[PDB]
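Chains as they are written, first to last, in the UniProt record's numbering: chain A, 48 to 68, 77 to 212; chain B, 27 to 163; chain C, 51 to 99; chain D, 64 to 203; chain E, 121 to 180; chain F, 42 to 279; chain G, 34 to 64.
These notes are about the structure you will find just below.
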Amino acid sequence: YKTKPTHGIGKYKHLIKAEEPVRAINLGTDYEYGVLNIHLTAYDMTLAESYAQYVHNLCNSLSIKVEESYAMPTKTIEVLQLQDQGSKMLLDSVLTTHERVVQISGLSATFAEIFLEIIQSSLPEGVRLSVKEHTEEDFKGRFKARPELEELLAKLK
Amino acid sequence: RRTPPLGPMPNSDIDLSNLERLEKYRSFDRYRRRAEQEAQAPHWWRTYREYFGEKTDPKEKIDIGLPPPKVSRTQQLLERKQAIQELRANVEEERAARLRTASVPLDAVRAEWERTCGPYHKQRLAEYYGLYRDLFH
Amino acid sequence: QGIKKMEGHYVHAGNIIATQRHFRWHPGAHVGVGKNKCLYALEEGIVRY
Amino acid sequence: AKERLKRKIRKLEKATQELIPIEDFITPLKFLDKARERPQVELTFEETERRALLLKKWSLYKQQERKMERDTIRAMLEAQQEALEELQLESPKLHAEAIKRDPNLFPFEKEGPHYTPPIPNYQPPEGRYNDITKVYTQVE
Amino acid sequence: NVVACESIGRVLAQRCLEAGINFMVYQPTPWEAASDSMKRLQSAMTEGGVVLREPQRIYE
Amino acid sequence: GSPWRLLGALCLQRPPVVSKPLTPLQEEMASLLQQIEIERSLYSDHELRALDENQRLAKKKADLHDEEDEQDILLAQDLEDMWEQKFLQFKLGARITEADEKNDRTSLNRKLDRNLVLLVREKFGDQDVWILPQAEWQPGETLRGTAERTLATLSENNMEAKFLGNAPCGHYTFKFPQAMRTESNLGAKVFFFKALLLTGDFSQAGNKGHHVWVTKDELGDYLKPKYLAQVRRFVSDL
Amino acid sequence: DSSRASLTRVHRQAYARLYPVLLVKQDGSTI
RNA sequence: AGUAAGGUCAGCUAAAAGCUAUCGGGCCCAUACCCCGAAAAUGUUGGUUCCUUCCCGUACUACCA
RNA sequence: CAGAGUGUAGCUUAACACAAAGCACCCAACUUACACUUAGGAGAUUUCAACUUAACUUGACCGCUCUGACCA
Ligand SMILES: [K+]
Numbered sequence: 048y049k050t051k052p053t054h055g056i057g058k059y060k061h062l063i064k065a066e067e068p077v078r079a080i081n082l083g084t085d086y087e088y089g090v091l092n093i094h095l096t097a098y099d100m101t102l103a104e105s106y107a108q109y110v111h112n113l114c115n116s117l118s119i120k121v122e123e124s125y126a127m128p129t130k131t132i133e134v135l136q137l138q139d140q141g142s143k144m145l146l147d148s149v150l151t152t153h154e155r156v157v158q159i160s161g162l163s164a165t166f167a168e169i170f171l172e173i174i175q176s177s178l179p180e181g182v183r184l185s186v187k188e189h190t191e192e193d194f195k196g197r198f199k200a201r202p203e204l205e206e207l208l209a210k211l212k
Numbered sequence: 027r028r029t030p031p032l033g034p035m036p037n038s039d040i041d042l043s044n045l046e047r048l049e050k051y052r053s054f055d056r057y058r059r060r061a062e063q064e065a066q067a068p069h070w071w072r073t074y075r076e077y078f079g080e081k082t083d084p085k086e087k088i089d090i091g092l093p094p095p096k097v098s099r100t101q102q103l104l105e106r107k108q109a110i111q112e113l114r115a116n117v118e119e120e121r122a123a124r125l126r127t128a129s130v131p132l133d134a135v136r137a138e139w140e141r142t143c144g145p146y147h148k149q150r151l152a153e154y155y156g157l158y159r160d161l162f163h
Numbered sequence: 051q052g053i054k055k056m057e058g059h060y061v062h063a064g065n066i067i068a069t070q071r072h073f074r075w076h077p078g079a080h081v082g083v084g085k086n087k088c089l090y091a092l093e094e095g096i097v098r099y
Numbered sequence: 064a065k066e067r068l069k070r071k072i073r074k075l076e077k078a079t080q081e082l083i084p085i086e087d088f089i090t091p092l093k094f095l096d097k098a099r100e101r102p103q104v105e106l107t108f109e110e111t112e113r114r115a116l117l118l119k120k121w122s123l124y125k126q127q128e129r130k131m132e133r134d135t136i137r138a139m140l141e142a143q144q145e146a147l148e149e150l151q152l153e154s155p156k157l158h159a160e161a162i163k164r165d166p167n168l169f170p171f172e173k174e175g176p177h178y179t180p181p182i183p184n185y186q187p188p189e190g191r192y193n194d195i196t197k198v199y200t201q202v203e
Numbered sequence: 121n122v123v124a125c126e127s128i129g130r131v132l133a134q135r136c137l138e139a140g141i142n143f144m145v146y147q148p149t150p151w152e153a154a155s156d157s158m159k160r161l162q163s164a165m166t167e168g169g170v171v172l173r174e175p176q177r178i179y180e
Numbered sequence: 042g043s044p045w046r047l048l049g050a051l052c053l054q055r056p057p058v059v060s061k062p063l064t065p066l067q068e069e070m071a072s073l074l075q076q077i078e079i080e081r082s083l084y085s086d087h088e089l090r091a092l093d094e095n096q097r098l099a100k101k102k103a104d105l106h107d108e109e110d111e112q113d114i115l116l117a118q119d120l121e122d123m124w125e126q127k128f129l130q131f132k133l134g135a136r137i138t139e140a141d142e143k144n145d146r147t148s149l150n151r152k153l154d155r156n157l158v159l160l161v162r163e164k165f166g167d168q169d170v171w172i173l174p175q176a177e178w179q180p181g182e183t184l185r186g187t188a189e190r191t192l193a194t195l196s197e198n199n200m201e202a203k204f205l206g207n208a209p210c211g212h213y214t215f216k217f218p219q220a221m222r223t224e225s226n227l228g229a230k231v232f233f234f235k236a237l238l239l240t241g242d243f244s245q246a247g248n249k250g251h252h253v254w255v256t257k258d259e260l261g262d263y264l265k266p267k268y269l270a271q272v273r274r275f276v277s278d279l
Numbered sequence: 034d035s036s037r038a039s040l041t042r043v044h045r046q047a048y049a050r051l052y053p054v055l056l057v058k059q060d061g062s063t064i
């Protein structure tokens, strides 16, 4: 009750973040880093997924806030070779490239060196490690294209 | 009209500025364990145990039994560790445990229980049945 | 809607202790909850909060 | 005309944007095809026991590797913190300059080790690269 | 282990028979109930003789 | 001023070039994973082609219908044999180089599977001591700036190094041997910064034997006891 | 290092058989 | 002042079409007519999947002493 | 090289005995991934002598951390 000393003993919403029914890119301070993206690029989907899972688990164990864990569309490229004694490049093979992205934030300036050293030492063979700053350009590129919007913009031009 | 709390209110030590940073009860089992611990802990406000919980004399119950026996803890621990190591080294035990086909000798278990933990369990059962309440007050 | 039997009052079996639109008081020992969040006493005794 | 074009552009901007589907998670109809189904061969008791023992040993090995990695990270953190404290004690200005972030630190790119070192005498053949990635677009 | 849980169940069932506790109840969470260890423990208790459903109170 | 002398050191490290060989346990685990993948996988295009070729050969042998077997003209097994022949003709690079046999600790080509750390021999008090490259801090310059300037002060090196952060990864404090112990100069405190050797190397003149690229295990052969103890704290061998 | 996550397998429920292959780069290295 | 209703190609209607206006051809010595081909929109806001905010214009009442 | 403090696997003022506990950690299955759950694994009282008893109290011997010596 309001007049009793045991007032507000059942409060729970102050212990829980607001239940909201895109996202501003946080920028780190002088001793912190902003929202970063680690997009491992590999020709082996299994290796890429395994290393992304390892990075996510390592960040969770090291108490680094992982904003997201997703993947970029697979890039399919036909590799052709010129035939011997001929002038036609036949289809030698077809390769697929995958890009597993882990979006993290709150990396400390001092611990950044250690984290980068660990994730570059644990990098498997055939996998390229690429750590960059999260950008609205990348966020929009994650989405599809809108040819109708492009045509309307060209008409406006 | 407001009245200050008699003692420390619940959840008064959890910092609210680092709400995101603090670890959460991701398991209902951990939440239930912490809730049971908190319920067991005494509180200054009115509680269920105040009205329904059994009320006993604050004085400790006077022991009228035999003096406790003396067992070499270090030697007992060493012997038990050696026995467990031998049991685990036995390959048949490992495969039985892995295939979920092993069992225990009930007679040996009961004999060892009688030798080691039997008197205490019997005392607890007698206290539950209220023999000491009636026989020895 | 409110408390029909305050603390320390004597109640019989089936007496409606309280009625509530939302869960303000929860069922305790020997107290049943109705279909519409109505707390009633299952045993004859004294109400405690 | 201009106002109508602006209204159309605003409507398309308000319209939701679709993410590019991932063929890695999308299951093609080739897998659904029953022709690719193969007969299954059971495993012997000895093989199953060996696999279980290997899994237990692998669990222990991964635990040891994680322990080693954790110890290395802890040692690095302790050394860095002690060096920072010593630098702060000797000259606070250098410590303050060092604890700042590095804007040039994160155009970060790194390639993993290769199975074999590059061959100085290797001559790549002549060929062509063609991109056949499916382009996904959202309309209406 | 599951074998350890089953052995604990058997020993507890025998002790309950010795103590006269022939009826009791069990309050498992859905995941614990779906777990094989708890199923083995319940089967061991039932085979020992303990009934996991108390009889209803007589009101008259 | 201060009694201590501010020195900034650089921990130049070449990352491993080739992958570390798998232990027998890892090899067994990889074989088990491959076997499980094969068992749980579906028929591939090559397997389906081989099965269809075998079925059509059986049809040719038994029934009059042949379908001309244009696909079976070049069998999957024949293609596999051709691929195996091409692989045998092709030769892979040598993981173990001539530097490993020569035990030449001056060339980067040795021990491609392990990380290497650079050490330089400098003469202090008419005594040669193997230490990490270092310079003396100057006013209006950061400690990381001094660490970068160490590369410029290095003799005939064309190398690119990537510094990770600005905080030092370790420090080592020492005092003079009563030969020059003074209030103005009590001793020195060197600070180490880890950098990655992206590309480059030293020149022929710079390869005069005054620098060695060594692993963590053999780092103690060149480093002093205390210096090695301090360096190994931040130098890892994962 | 590489052995930390090099040992993998396809986690898809349905997937065609994949053969391990050595890939040769333009500089002579292999993966 | 308070009640109701409308806003659709450049114009006028209809349930996303029709006739003109217009562009590009054909016939013509050349225009007009005619023939062929086109581009050409729901005033607007937020929703639901028909309401509603705002703006423009329309109609009626605004009385009995 | 010496002087101090110093002692359970990662943490604990867990261990009265009935007993070396709880938590933390790793692998396997689900999950894009994380998480939950199910099913498995690894652990310690540094070593001795003192009502023998003592992880527990007292001393040596060890191990750890600082402090000085040495020091490029
Ligand atoms: K009610």
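Backbone N, C-alpha and C fix where the C-beta goes; we use that ideal spot for every residue, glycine too.
Residues sharing a beta bridge with residue i, DSSP
{"i": "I66 (chain C)", "result": "C:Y90"}
{"i": "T131 (chain A)", "result": "A:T151"}
{"i": "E180 (chain E)", "result": "Beta-bridge pairing links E180 (chain E) to no other residue."}
{"i": "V253 (chain F)", "result": "F:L160"}
{"i": "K187 (chain A)", "result": "A:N92"}
{"i": "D194 (chain D)", "result": "A:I132"}
{"i": "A97 (chain A)", "result": "A:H153 and A:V182"}
{"i": "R55 (chain F)", "result": "F:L157"}
{"i": "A124 (chain E)", "result": "Per DSSP, none; premise fails for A124 (chain E)."}
{"i": "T200 (chain D)", "result": "A:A200"}
Neighbour-count burial assignment, residue i, 16 or more Cβ in a 10 Å radius
{"i": "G57 (chain A)", "result": "exposed"}
{"i": "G190 (chain D)", "result": "exposed"}
{"i": "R155 (chain A)", "result": "buried"}
{"i": "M100 (chain A)", "result": "buried"}
{"i": "residue 70 (chain A)", "result": "Chain A lacks the residues between 68 and 77, and residue 70 (chain A) is one of those with no coordinates."}
{"i": "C114 (chain A)", "result": "buried"}
{"i": "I169 (chain A)", "result": "buried"}
{"i": "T127 (chain B)", "result": "exposed"}
{"i": "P128 (chain A)", "result": "buried"}
{"i": "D34 (chain G)", "result": "buried"}
{"i": "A98 (chain D)", "result": "exposed"}
{"i": "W254 (chain F)", "result": "buried"}
{"i": "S53 (chain B)", "result": "exposed"}
{"i": "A133 (chain E)", "result": "buried"}
{"i": "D113 (chain F)", "result": "buried"}
{"i": "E94 (chain F)", "result": "buried"}
{"i": "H147 (chain B)", "result": "exposed"}
{"i": "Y155 (chain B)", "result": "exposed"}
Distance cut-off 6 Å: residue i Cβ against heavy atoms of ligand 2
{"i": "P52 (chain A)", "result": "With respect to ligand 2, the structure shown offers nothing to examine, as its ligands consist of ligand 1."}
Exercise answer, beta-carbon shell around ligand 1 heavy atoms below 6 Å:
Neighbourhood of ligand 1, defined by CB distance below 6 Å to any of its heavy atoms: C:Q51, C:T69, C:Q70, C:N86, C:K87 and C:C88, in chain order.
Alpha helix (DSSP H) segments (min. 4 residues) lying fully within the region 179-240 of chain F:
Counting only runs of 4 or more, we get 184-194.
When you check each C-beta in the region 55-89 of chain C against every C-beta of chain B, which residues fall closer than 8 Å?
Of all residues in the region 55-89 of chain C, those with a C-beta nearer than 8 Å to a C-beta of chain B are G78 and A79, reading in chain order.
Alpha helix (DSSP H) runs contained entirely in the region 79-107 of chain D, provided each spans 4 or more residues
Segments of the alpha helix (DSSP H) lying fully in the region 79-107 of chain D: 92-95.
Interface positions of the region 67-79 of chain B facing chain C (Cβ-Cβ less than 8 Å), listed along the chain
From the region 67-79 of chain B, only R72, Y74, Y77 and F78 have a Cβ closer than 8 Å to chain C.
Chain G contacts made by the region 172-194 of chain A, where a contact means CB separation under 8 Å:
Answer in chain order: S176, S177, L178, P179, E180 and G181.
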